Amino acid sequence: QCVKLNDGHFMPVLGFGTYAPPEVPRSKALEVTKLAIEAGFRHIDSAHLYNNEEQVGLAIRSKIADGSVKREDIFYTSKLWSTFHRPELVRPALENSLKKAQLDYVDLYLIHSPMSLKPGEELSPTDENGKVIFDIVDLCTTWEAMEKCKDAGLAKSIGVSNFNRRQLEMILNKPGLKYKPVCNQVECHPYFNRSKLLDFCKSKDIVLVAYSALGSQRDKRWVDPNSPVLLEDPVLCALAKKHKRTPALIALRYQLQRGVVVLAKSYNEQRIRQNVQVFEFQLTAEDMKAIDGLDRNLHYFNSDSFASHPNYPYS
């Protein structure tokens, strides 16, 4: 149940999303990651921004220890945050992630966002007016530092996240390119199916990875309350009675049947165990056709703050 990445490695088409708001106890990330694995999840998705790589990496040591899994069975992903885009900060940032999670290597290291921010440790640099500070960085140099990380062995694979077609091409069409990005993790759901972006990636043998596939966690910090609730859509709810599953299962299945590796975030035991049931049924071609027409180019992560960035993925 994996896809072959363009570098020879295999990615499990079902990933577990480990992000949770700060007000949530960090101990939960540890617990739920154990649950997730016990449920069947082998693909695990993290980042330095999440502030949970210590607990996630811990939960993996636990499952390898008790004999539930070996390291070669677990697909672990981390992300270089926007404040470490400068070439000299890439590897040290990676090693930092590797340390917290106490791992030798990460199966996948991505560029979290193309929107570079002020170099430093603070993850949200703000001027004296409380405005987020940007930084100008040639993302092609950042990718070079990522390629050195794959050769250095610290990362089995490298890809991008929140990259639009343009920025993506800047990589592919970059001189002396050693490794194409294996994938591009972006927001993707029936209200925002990235039909066109997905098409482009496939021609380049790159894998679109979908986040917010279940409508997002709807944080009050980026998500507008007046936006539609994905898992309450008439078409999805109706198809759910048809196949006698759940709207979340329909959303996830939708992604699988069209060549998209999809992430599912859940800190609830029974909703984690339910999410793996995505492999137990299949929507019809007409169902796929019906869902394909749910797109309203609606991305839940809506910060007009970043819109002012020259690398703002959307335009």
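Just count from 1 along the sequence shown to find any residue number.
Chemist: On average, are the C-alpha B-factors higher in 281-289 or in 262-270?
Modeler: Averaged over C-alpha atoms, the B-factors run higher in 281-289.
Chemist: Can you tell me which stretch has the higher mean Cα B-factor, 43-51 or 56-64?
Modeler: Looking at the record's C-alpha B-factors, the answer is 56-64.
Chemist: Among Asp127, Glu187, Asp138, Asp107, which carries the highest Cα B-factor?
Modeler: The record points to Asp127.
Chemist: According to the Cα B-factor stored in this entry, which of the following is highest: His112, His85, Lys202, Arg194?
Modeler: The record points to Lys202.
Chemist: Ranking every modelled residue in this chain by its Cα temperature factor as given in the entry, which third contains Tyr76?
Modeler: Middle third.
Chemist: Test of reading the entry: by CA B factor among the chain's modelled residues, which third contains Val24?
Modeler: Tercile = highest for this residue's CA B-factor.
Chemist: Sorting the chain's modelled residues by C-alpha B-factor, tell me whether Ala307 ends up in the lowest, middle or highest third.
Modeler: CA B-factor rank for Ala307: highest third.
Chemist: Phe16: which third of its chain by C-alpha temperature factor?
Modeler: Lowest third - that is where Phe16 ends up once the chain's C-alpha B-factors are sorted.
Chemist: For the chain shown, is the CA B-factor of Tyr211 in the lowest, middle or highest third of its modelled residues?
Modeler: Answer is lowest: the recorded C-alpha B-factor places it there.
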